[PDB]
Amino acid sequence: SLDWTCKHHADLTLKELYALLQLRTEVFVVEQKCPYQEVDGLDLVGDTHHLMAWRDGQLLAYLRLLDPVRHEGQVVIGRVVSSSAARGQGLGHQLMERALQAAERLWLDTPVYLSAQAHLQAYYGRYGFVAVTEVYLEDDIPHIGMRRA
């Protein structure tokens, strides 16, 4: 049981912004030992949205939605993350489900794009995503761009 929220960046509170950057850093930077620029500048521009799932003051799952006019006509889903303590319970499916619904609500009929890790390529194919690029590297981890409908 969680409290889900999908906000436009212009409506974030200092607490929330901090929280979502802290979760993202904890997973993409620390546990994944990747000293890259997590605060990439795409968080507070255009209509970037932020999907968050909260439980008792803790942010357990998050994903970011980048608007289509700023991304050549595709809604971009990224920074998909779930707290290590709340994993294996299907938060991934809840995120993807709400993300697709949010994209639909915000940018109806706009195809969705994401950069998926080379391996979990089938996982997304089940959500209707299909490969659109050759495999490329991210922190030496193979990824592949996929788009849905």
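Start at 1 and count along the sequence shown; that's the residue number.
Engineer: Looking at the deposited entry, does 31-39 or 116-124 carry the larger mean Cα B-factor?
Structural biologist: Higher mean C-alpha B-factor in the PDB entry: 116-124.
Engineer: Of the two stretches 21-29 and 5-13, which shows the higher Cα B-factor on average in the entry?
Structural biologist: If you average the C-alpha B-factors of 21-29 and of 5-13, the larger mean comes out for 5-13.
Engineer: For the C-alpha B-factor as written in the entry, point me to the maximum among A85, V80, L65, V69.
Structural biologist: In the PDB entry, the greatest C-alpha B-factor among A85, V80, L65, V69 is found at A85.
Engineer: Please place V45 in the lowest, middle or highest third of its chain according to the CA B-factor in the PDB entry.
Structural biologist: According to the entry, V45 has a C-alpha B-factor in the chain's lowest third.
Engineer: Is the Cα B-factor recorded for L51 in the lowest, middle or highest third of its chain?
Structural biologist: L51: CA B-factor falls in the lowest third of its chain.
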